[PDB]
Each structure stands twice: as C-alpha cells, then as structure tokens.
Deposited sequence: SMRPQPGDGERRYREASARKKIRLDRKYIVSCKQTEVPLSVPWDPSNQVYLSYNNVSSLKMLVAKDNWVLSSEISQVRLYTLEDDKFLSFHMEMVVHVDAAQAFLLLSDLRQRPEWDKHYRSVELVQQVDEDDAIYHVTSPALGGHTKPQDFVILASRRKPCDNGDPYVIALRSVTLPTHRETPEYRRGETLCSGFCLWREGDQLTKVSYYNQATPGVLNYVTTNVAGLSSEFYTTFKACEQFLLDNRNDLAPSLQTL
C-alpha cells in the first residue's frame, strides 16, 4: 500500500548510495589449478561457514515463516534466506547439490552445463542467467561447486559455490561474464523429516540493483524463487 511504497523506495536509494562504488580489493574469481583443487574446495567451503558465523546479520523481512537476513559490509552487500521444509536433510542435500537440476525451480538459472567433474564432492559448472532489468544480453558464470557432509551433530550439510576461471571457457561476446564471490546452501537437521534450508549469497556485483530491490520490499522474487525450492524438495520425497 502507499504507506509501504514510499518508505521502501527511500530504503532502496540509501543502499544504492552506499554501494554505488561496486567494490579487485577482494578477489571474485580465482584461477583453476588441478593442483590446488583440494584448497580451492577447502577455501570455498571454509568461506561459506565463516559467512554463516558472522554476527552482524540483521533481519529484513518475514513472509509465511520465511525470513530474510541482510549484512551491510563496508564494500559489499550480502543477504541470506532462512526456511524450514518437511524433507530429510540428507535428501535435500542430494537435490540441492546438483546444479544441473537447479534450472527446474530457479528462474535465475537458464541453462547449466557440466564442464569438469573433479571428484565425488566437487565439480565445475557453466551457468547462464536471463538478462535482468537493464540488459539485452544474458550473463554467464563459471562456478566451482563444493559440498561437504556435517562433521558432528548440529553441524550443517554445506554446499558451496564460487566463481573461477578456465582457459577453455573464456568470456564470449554472446554472454556477459558475471562473477559471484561466494554463495551456496546450508542445511541443518531440525528433526526427523525436518530441515532448515538456508541460502547465502555473499557478493554478486552483477546483480546489485536486483538485490537492493528485493531487500527494500519493492519486489518479492527472492520469496517466490525460494518457495519454489520448498516445492521442489517436497515433490522428491
């Protein structure tokens, strides 16, 4: 309603003012080296856990028991979605770990190609996303997906996502080369057939405007795309 439209747009303008200066000070994509595969996979998963462990997360919104947290770092904007689903965490882990089945429920992943299967729990994908507001071209990503099972009780299943570079899939004029610093899921066992599904996205300069629109409340594509995940997991029990 009017009362919310006006105050929301004010919040969006402030966030743009703060993050107009995008961010090399931090490295988005990293060279892929089969020799450093174990550390690229370790640093990938380690980064996501440290993001979860940060303390200055602030709640922005809640809709039908689906929360939305945000974190205003000095250089980049991070958000995080929380949700509880009625599926076993182990089952949700196998579904959310294969990005090839992610276009089936996420509007933001148009196509997904598997470039190289490093090992059991690590792989390199080639992702393409539709053109967001203000572009004629879709943008593509070269992402390393690393998954790890929880070590102890209470620790989460982790699926990590980081952009990398490969000499075989270099930037092409048909797509815009996007780059995400660190994203992925975190799944907790909240009980028998219960799972707290969490999506984290640390930084993606190629979609800043898109994010600040959802955080301010002027849009609801995060919630739509995230409840589609809830519906994607429930059907595979």
Pop the missing stretches of the deposited sequence into a list, counting residues from 1 and keeping sequence order. 1 to 9, 33 to 34, 249 to 258
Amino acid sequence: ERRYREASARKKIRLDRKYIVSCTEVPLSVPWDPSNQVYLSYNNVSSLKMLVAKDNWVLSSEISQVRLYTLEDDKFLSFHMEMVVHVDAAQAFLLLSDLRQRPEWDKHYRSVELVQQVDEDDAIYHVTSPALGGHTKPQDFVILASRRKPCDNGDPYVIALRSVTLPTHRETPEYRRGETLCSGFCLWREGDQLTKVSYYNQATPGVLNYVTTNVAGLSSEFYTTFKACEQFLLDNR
From here on, numbers count along this sequence of modelled residues.
Selected stretch [higher average CA B-factor]: 25 to 33 or 197 to 205: 25 to 33
Tell me which stretch, 158 to 166 or 117 to 125, has the higher mean Cα B-factor listed in the entry. 117 to 125
C-alpha B-factor winner, where the candidates are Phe93, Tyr109, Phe141, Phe76: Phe76
Residue with maximal Cα B-factor (values as given in the PDB entry) among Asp152, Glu82, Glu104, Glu72: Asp152
Would the CA B-factor of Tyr175 place it in the lowest, middle or highest third of its chain? highest
Classify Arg189 as lowest, middle or highest third according to the C-alpha B-factor given in the PDB entry, relative to its own chain. highest
Please rank the C-alpha B-factors of the chain's modelled residues and tell me whether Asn236 sits in the lowest, middle or highest third. highest
Among all modelled residues of this chain, ranked by Cα B factor, put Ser219 in the bottom, middle or top third, i.e. lowest, middle or highest. middle
Compared with the other modelled residues in the chain, in which third is the CA B-factor of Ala89? middle
